Visitor: 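Before I ask anything, let me first share the structure, which is written out below as structure tokens.
Each ligand, and each atom within it, is numbered from 1 in the order the structure gives. Sequential numbering from 1 along the given sequence is applied to the chain's residues. Every heavy atom of this structure was used, including side-chain atoms; hydrogens, water molecules and symmetry mates were not.
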Amino acid sequence: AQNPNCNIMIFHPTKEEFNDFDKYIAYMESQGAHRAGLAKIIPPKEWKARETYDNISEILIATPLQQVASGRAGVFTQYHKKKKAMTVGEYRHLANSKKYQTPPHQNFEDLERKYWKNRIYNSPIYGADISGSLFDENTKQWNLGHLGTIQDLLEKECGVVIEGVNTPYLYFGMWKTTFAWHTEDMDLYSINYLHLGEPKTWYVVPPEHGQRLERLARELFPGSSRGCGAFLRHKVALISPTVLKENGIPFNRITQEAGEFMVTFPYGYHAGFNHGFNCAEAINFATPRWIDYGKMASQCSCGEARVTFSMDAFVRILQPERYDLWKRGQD
Ligand SMILES: O=C(O)CNC(=O)C(=O)O
Ligand SMILES: [Mg+2]
Ligand code: NI
Ligand SMILES: [Zn+2]
């Protein structure tokens with residue numbers, strides 16, 4: 001069995017190997033990459049996502065989200081308070097202000113320490129989930145707006161034709177902006193490209209041990225667990241590495257830098273934080289190996305998770321027994 005310890009693997013494809021996206025995902029899996037839940041892909045030196053970023057300040061963040069925490073430093077939830085719209089230029093200036101800027105620090109490890117110690121005492125503002133793309137249309141390799149769609153994958157594998165679309169999203173981060181512990185909708189893959197700026201630290205639980213994290217989360221967030229049998233779908237709970245280690249939960253950590261891709265694999269729980277002002281682009285995708293995870297994915301039916309239009313067909317086809325209850329939580 002490849003990668004039996006479930007370590008995060010880092011890949012350096014050549015320009016030739018960067019042509020065929022599906023083939024390279026399958027290659028990484030042949031080497032056991034999926035067992036970690038997360039992989040890093042460093043593009044060949046000849047590749048570029050676009051020529052410059054010199055012209056991005058006019059993008060609009062319609063609904064910036066202030067991430068307010070409750071709990072203790074290592075075990076907390078965050079809620080998103082909506083803020084007034086601002087441009088990326090306005091947001092970048094805000095990020096770089098004395099109130100929000102990255103503190104002085106020695107290295108990534110020191111910054112990680114400061115994050116876990118101090119995150120709860122601040123409310124950073126995140127520009128998340130903005131539909132759009134920063135890949136140049138002339139970028140032919142690993143262009144996250146030109147991937148094969150999840151609907152087409154389900155149609156190719158299963159023969160059924162469904163509605164829905166699959167587009168990328170932009171994330172504008174600042175110091176301490178936080179992504180809570182989650183798997184993707186329908187336990188899909190994700191791919192994330194860090195276009196510019198400061199790093200993003202990731203934590204991940206191997207898919208084979210995801211239920212260990214779920215059981216700890218039920219213990220640590222007992223009211224939330226009573227409210228909903230899949231409350232991690234709410235994407236609000238944080239648990240630190242120190243707490244994970246204390247409870248014996250297997251996990252790994254890695255820091256993504258600008259110019260790098262990360263792939264999350266089906267049912268790979270992940271969480272993390274941004275080091276400073278940055279911009280990432282991400283999208284969900286499927287492969288044939290996903291289909292069995294899609295069929296088994298948990299679902300939130302309490303009303304909180306509310307998701308895209310395109311998840312309807314996934315539930316309806318893959319999980320017909322669950323469909324009626326889940327759709328009630330959508331409506
Ligand atoms: O970058 C972020 O804030 C969150 N991204 C992801 O969870 C992802 O790409 O799957
Ligand atoms: Mg612009
Ligand atoms: Ni994710
Ligand atoms: Zn729920």
Side-chain angles (χ1 to χ4, degrees), residues 36-39 50 52-62 77 79 85-92 126-130 132-134 136 144 168-173 177-196 200-205 207 210 213-214 217-218 221 223-238 254 256 261-274 279-286 290 293 297-305 307-308 311 315 322 325-327 329-330:
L38 183 68
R50 62 178 304 111
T52 83
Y53 293 89
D54 286 336
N55 300 102
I56 69 170
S57 311
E58 311 307 300
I59 295 171
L60 192 67
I61 312 170
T77 62
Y79 89 87
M86 75 180 81
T87 62
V88 165
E90 291 164 340
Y91 179 90
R92 176 176 67 220
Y126 207 173
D129 293 318
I130 297 164
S133 185
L134 283 168
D136 186 311
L144 297 187
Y169 299 84
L170 303 178
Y171 299 82
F172 289 95
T177 53
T178 302
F179 53 109
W181 280 105
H182 69 283
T183 61
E184 305 303 307
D185 286 345
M186 219 70 187
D187 299 341
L188 285 157
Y189 297 69
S190 66
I191 182 165
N192 184 300
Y193 183 67
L194 191 50
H195 282 282
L196 66 96
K200 187 189 299 283
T201 294
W202 299 68
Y203 304 93
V204 58
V205 176
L213 184 68
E214 293 169 357
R218 289 191 308 270
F221 304 99
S224 294
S225 177
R226 287 186 289 272
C228 177
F231 79 94
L232 295 174
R233 298 281 173 207
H234 311 166
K235 307 194 308 180
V236 300
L238 278 301
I254 193 170
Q256 178 191 23
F261 289 92
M262 307 298 296
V263 166
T264 83
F265 294 87
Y267 197 60
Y269 273 103
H270 52 284
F273 64 89
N274 294 303
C279 173
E281 181 166 347
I283 199 178
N284 295 118
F285 73 94
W290 167 69
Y293 288 88
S298 64
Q299 302 298 355
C300 167
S301 307
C302 82
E304 290 296 313
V307 305
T308 183
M311 231 193 91
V315 183
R322 290 183 167 172
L325 188 68
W326 170 81
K327 196 168 36 68
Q330 240 43 0

Visitor: Residues two or more places apart in sequence or in another chain: which of them pass side chain to side chain donor-acceptor pair (under 3.5 Å) with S57?
Guide: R92
Visitor: Under a 3.5 Å cutoff, is there a donor and acceptor pairing between the side chains of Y269 and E214?
Guide: yes
Visitor: What's the count of protein N, O or S atoms under 2.8 Å from the Ni ion (ligand 3)?
Guide: 3
Visitor: Return the set of residues passing side chain to side chain donor-acceptor pair (under 3.5 Å) with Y203 (not counting sequence neighbours), or none when no residue passes.
Guide: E112, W116
Visitor: Once rounded to 10 degrees, what value does the angle at the Zn ion (ligand 4) take between SG (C302) and SG (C300)?
Guide: 110°
Visitor: Are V307 and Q330 side-chain neighbours, meaning at least one heavy-atom pair lies under 4.5 Å?
Guide: yes
Visitor: Side chains of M262 and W202: does their closest heavy-atom pair fall under 4.5 Å?
Guide: yes
Visitor: Kindly write out the residues that satisfy side chain to side chain donor-acceptor pair (under 3.5 Å) with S190, not counting sequence neighbours, or none if the list is empty.
Guide: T264
